Every structure is written in C-alpha cells, then in structure tokens.
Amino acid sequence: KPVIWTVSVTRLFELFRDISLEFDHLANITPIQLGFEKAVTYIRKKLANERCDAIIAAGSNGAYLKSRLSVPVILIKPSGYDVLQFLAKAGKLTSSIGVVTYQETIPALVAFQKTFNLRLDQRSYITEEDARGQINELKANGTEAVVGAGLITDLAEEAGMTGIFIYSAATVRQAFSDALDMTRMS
C-alpha cells in the first residue's frame, strides 16, 4: 500500500485523522504533529529508515515543507469554490459571512462576491494582533460566521460568531485521492 505521512496541528490534525479513516484500507497513513523546521528534521530522520510515497500538508507549513523535501508534498490550498460550497451547503451563503485569510484574500471569492452582491466580507492578516483586530471589526459589524484557518476559527468562536474551518472534509479527501493517484502514476 502507498505510504502517506500527514503533517498538521490542532483543527487540521483533527480533520486529517477523521478523513484518513476513509483511506486506511488504501494507504498506510502516519500522522505527524509538527511543522516547519522541526517537521523537516523529524521527516528527514524518519526517511533514513523507512520509505514515504507522499506527504500531505496545508498552508504556510506545507509550502515550507514542499520546497525542502524531495518526497512529494500534496499541498492543500482552499479555493473560493470549496468555501462557497461549504457555505451554500450550510445555507449560510446568503448570510453575513466574514473571511479572514493569511497574507492575501482569495480572488475567486473576491470575484464571486463582486458578481453576486453577497455579504462576504473578505480580509487578510499577518500577525495574531492583526487577526484579533479583523475579528473585532467583523464582530462589531454584525458578522455571524467567519471562514479561516485555525487561529481565525478559534478567535471567531471566542468572539461569539460561528467559526467555519477553511479546510473542508471534501478538500482533505481530494488530497488523499491526489496522493494515491500520483503514487499510481509512478
């Protein structure tokens, strides 16, 4: 069976665990709960003794791993199209939604907001202080739900809004399937 190591923390780690149960019969999956240099060091030391066919990771962590490992890294990056799907499924697409993302907004989401005159208030952040202020601003304008990664979803919940984790089950499931497909291609 293909060997897959997932690298994640917190909510994403929880989601990866949930979804990997669907692929246990197709892959030998080992969860790694690290990031960045510590993950690189662990993975490189692990690779001295055992093979790995693919790593699955997300965001800034996964982008860093992808440029530093010669093992294939399937990088999860949320699209506006998956966000819109998660929203519309939950019937929240026509509600007061906030989206706060690291470094930049999502152009597919910015565009859909443009065309459909929806209430999707899209913001970016770099630091925790940045993220806190964007959350406080969304709270203060009646926003009911905020889409983002771990820090943003947590902050949103503490602020009394719905936190919608930007990585859906569907996008994680796709990443497992892509790792299997890639492995099959070799």
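Just count from 1 along the sequence shown to find any residue number.
> Determine, from the deposited record, the chain-internal third of the Cα B-factor for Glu37: lowest, middle or highest.
Lowest third - that is where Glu37 ends up once the chain's C-alpha B-factors are sorted.
> Going by what the PDB entry lists, where does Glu157 fall on CA B-factor within its chain: lowest, middle or highest third?
Tercile = lowest for this residue's CA B-factor.
> Ranking every modelled residue in this chain by its Cα temperature factor as given in the entry, which third contains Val100?
Ranked within chain, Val100 CA B lands in the lowest tercile.
> Please place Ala63 in the lowest, middle or highest third of its chain by C-alpha B factor as given in the entry.
For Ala63, the deposited C-alpha B-factor lands in the lowest third.
> Ranking the modelled residues of this chain by C-alpha B-factor as given in the entry, is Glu14 in the lowest, middle or highest third?
It falls in the top third of the chain.
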